[PDB]
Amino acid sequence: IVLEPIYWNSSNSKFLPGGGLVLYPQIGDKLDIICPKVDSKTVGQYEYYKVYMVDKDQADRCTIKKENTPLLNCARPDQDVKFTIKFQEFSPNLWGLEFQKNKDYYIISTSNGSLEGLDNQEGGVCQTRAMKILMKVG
């Protein structure tokens, strides 16, 4: 199963205020977390983000410091940047992601939507626009 793509953008309206987003993905499916490119028009300024995958603690404290797992470097205004997730229990790829059935996963961005703040590590968007993802595997 494919699973609708999560358009990681400020106006993604699925990032419910105060909660964020929840999924419940199962082993065997894929998922694209995409960063929209600014269109010739219609798109009011690109939104820069550095999306990371972290633990519950780092996700509720909206901090990417210490350790983290990079996923997206949304700093390409002309291109759609994404990450295809494969909730598999065992990666045939060294340097690939692995998910354990019945565990939780949290994706975060402590960016603030601007290039100048692309590398912040404290709140903003995560803290602010509540852009967090909680994936319940299994």
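The first residue of the shown sequence is 1; numbering continues from there.
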* Asked: If you average the CA temperature factors over each stretch, which comes out higher, 33 to 41 or 73 to 81?
  -> 33 to 41
* Asked: Out of 98 to 106 and 85 to 93, which one has CA B-factors that are higher on average in the deposited record?
  -> 98 to 106
* Chain-wide C-alpha B factor ranking for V125, given as lowest, middle or highest third -> highest
* Asked: Would the CA B-factor of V137 place it in the lowest, middle or highest third of its chain?
  -> highest
* Pull the Cα B-factor of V54 out of the PDB entry and bin it into the chain's lowest, middle or highest third. => middle
* Asked: When the modelled residues of the chain are sorted by Cα temperature factor, does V2 land in the lowest, middle or highest third?
  -> highest
